[PDB]
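Down below is the structure, laid out as structure tokens.
Below, each value reflects all heavy atoms present in this structure, side chains not excepted, and no hydrogens, waters or symmetry copies. Each chain gets a letter, A, B and so on, in the order its sequence line appears, and its residues count up from 1.
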2 protein chains.
Amino acid sequence: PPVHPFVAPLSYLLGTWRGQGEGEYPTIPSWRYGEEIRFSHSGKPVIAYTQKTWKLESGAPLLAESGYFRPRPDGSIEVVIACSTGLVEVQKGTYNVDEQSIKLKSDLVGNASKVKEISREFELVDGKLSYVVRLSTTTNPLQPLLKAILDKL
Amino acid sequence: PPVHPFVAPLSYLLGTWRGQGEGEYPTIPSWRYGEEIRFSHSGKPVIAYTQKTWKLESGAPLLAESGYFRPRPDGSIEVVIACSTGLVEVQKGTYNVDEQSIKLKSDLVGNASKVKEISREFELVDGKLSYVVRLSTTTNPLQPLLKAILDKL
């Protein structure tokens, strides 16, 4: 199907991406992971998102998440994500065509009592997809949790 | 990877399913759809769920959803789902090994102001996957919305 007009400004996402990331948080010693993301569509004003992570040495699976990105022509966007850990997120924010960036903050995090907010920010940098995930908890204000850079396949 | 012990009681789900369903609700004239569901895993105590629907005549895409099922050996289960419409669900309930059934009700429905609760109930019937989705809204109590039967491929 053709790309819906509302998806076309984010057409640079469409495809599969692979790279690696790092996590760290005040309670949690640093760790690294491999990551794959696929963005796809079926002609609707929605981009399907699917993601998985693995251990770098072995390729052993770690976690997975999936959901849907819903951009609108005013530059607004909402994103819904379900995670293999048992959390859900409703993310809302904006995308910027000139910067090839997407900036999201949670309206809601479901099923995760200690986690309060999650933000997710993407940027295309020299054709690579970079992001930062930030997380707050009851006692820790919003701050970096995950960062990754992925090459387009 | 081997099937995790917590997933093994639900191993009958694993695979791809295709069939058809029907929707109806007091505000909403009946409609029909084709449906495909895949359940998969990667050796963790989680089953990945992915679903799509289409128009019966043409195969034109309708909607999609995806998420994760997390069964536990006490018979409890939680399910998280993100939908292409922009909703999320946290579903909790039980599974019954003798009946090959799964009964879920939402703890949370996110990003959908009029929708209050969703329940989802699955049953294996003569090797086919059947479900019923029920929905409440502010003014309509919980009642059937969707029902479908799918054959295992």
Side-chain angles (χ1 to χ4, degrees), chain A residues 35-42 44 46-53 61-70 77-93 102 104-120 122 131 133 135 145-146, chain B residues 4 6-7 10 13-14 35-42 44-53 63-72 76-93 102 104-112 115 117-120 122 131 133 135 146:
Chain A
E35 185 172 3
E36 184 168 317
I37 297 171
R38 181 169 179 248
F39 289 109
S40 61
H41 75 98
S42 56
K44 305 299 180 199
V46 185
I47 304 171
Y49 162 72
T50 64
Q51 182 263 206
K52 60 189 168 177
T53 57
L62 290 170
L63 293 173
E65 65 187 24
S66 62
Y68 299 95
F69 286 47
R70 293 169 55 71
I77 179 168
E78 69 181 13
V79 171
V80 288
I81 298 170
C83 309
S84 68
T85 62
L87 279 62
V88 297
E89 298 171 42
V90 181
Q91 285 288 347
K92 300 192 173 194
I102 305 169
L104 301 165
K105 305 183 351 197
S106 55
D107 263 17
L108 175 162
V109 178
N111 206 41
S113 64
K114 288 204 187 200
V115 173
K116 296 297 156 170
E117 294 80 45
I118 295 168
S119 72
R120 293 182 181 239
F122 298 87
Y131 67 75
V133 175
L135 192 139
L145 176 70
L146 306 176
Chain B
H4 189 284
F6 298 180
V7 167
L10 297 183
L13 290 177
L14 298 169
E35 185 172 3
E36 184 168 317
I37 297 171
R38 181 169 179 248
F39 289 109
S40 61
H41 75 98
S42 56
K44 305 299 180 199
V46 185
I47 304 171
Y49 162 72
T50 64
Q51 182 263 206
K52 60 189 168 177
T53 57
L63 293 173
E65 65 187 24
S66 62
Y68 299 95
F69 286 47
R70 293 169 55 71
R72 283 189 67 88
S76 70
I77 179 168
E78 69 181 13
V79 171
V80 288
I81 298 170
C83 309
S84 68
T85 62
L87 279 62
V88 297
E89 298 171 42
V90 181
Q91 285 288 347
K92 300 192 173 194
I102 305 169
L104 301 165
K105 305 183 351 197
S106 55
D107 263 17
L108 175 162
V109 178
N111 206 41
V115 173
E117 294 80 45
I118 295 168
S119 72
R120 293 182 181 239
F122 298 87
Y131 67 75
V133 175
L135 192 139
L146 306 176

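- Take A:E117 and apply the salt bridge (charged side-chain N to carboxylate O under 4.0 Å, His left out) test, not counting sequence neighbours, and it matches no residue.
- Here the straight-line distance linking atom CD1 of A:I81 with atom CD1 of A:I118 works out to 8.5 Å at 0.5 Å rounding.
- In this structure, B:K52 places its NZ atom where only 12 or fewer heavy-atom neighbours from other residues, nucleotides or ligands lie under 6.0 Å away.
- Summarising the geometry of B:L108 relative to B:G110, their closest heavy-atom pair is CD2-N, 3.6 Å, with the distance given to 0.1 Å.
- The nearest pair of heavy atoms linking B:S42 to A:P61 is O-CG, 3.7 Å.
- Taking CZ of A:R120 as the reference point, atom CG of A:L145 lies at 9.5 Å (rounded to 0.5 Å).
- The side chain to side chain contact (heavy atoms under 4.5 Å, CB included) search around A:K116 returns A:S136, A:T138, not counting sequence neighbours.
- Defined by atom type and a distance below 3.5 Å, a donor-acceptor pair is present between the side-chain atoms of A:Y49 and A:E65.
- Residues passing the side chain to side chain contact (heavy atoms under 4.5 Å, CB included) test with B:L146, sequence neighbours excluded: B:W31, B:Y33, B:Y131, B:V133.
- Contact of the B:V7 side chain with the B:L13 side chain is not registered, since no non-hydrogen atoms from C-beta on lie closer than 4.5 Å.
- Qualifying side chain to side chain contact (heavy atoms under 4.5 Å, CB included) partners for B:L63, counting only residues two or more places apart in sequence or in other chains: B:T53, B:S84, B:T85.
- For B:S76, the side chain to side chain donor-acceptor pair (under 3.5 Å) test picks out B:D74, with sequence neighbours left out.
- Between A:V79 and A:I102, every side-chain heavy-atom pair lies at or beyond the 4.5 Å cut-off.
- Interatomic distance, A:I77 CD1 to A:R70 CZ, rounded to the nearest 0.5 Å: 10.0 Å.
- A pairwise comparison of heavy atoms in B:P45 and B:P71 identifies O-CD, 4.0 Å as the closest pair.
- Contact annotation: the side chain of B:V80 never approaches that of A:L87 to less than 4.5 Å [non-hydrogen atoms, C-beta and beyond].
- Once rounded to the nearest 0.5 Å, the distance linking OG of B:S119 with CG of B:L104 reads 8.5 Å.
- Shown here are the side chain to side chain donor-acceptor pair (under 3.5 Å) partners of B:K92, two or more places apart in sequence or in another chain: A:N111.
- In this structure B:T50 satisfies the side chain to side chain contact (heavy atoms under 4.5 Å, CB included) test together with B:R38, B:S66, sequence neighbours excluded.
- With sequence neighbours excluded, the residues forming a side chain to side chain donor-acceptor pair (under 3.5 Å) with B:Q91 are B:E89, listed by chain and number.
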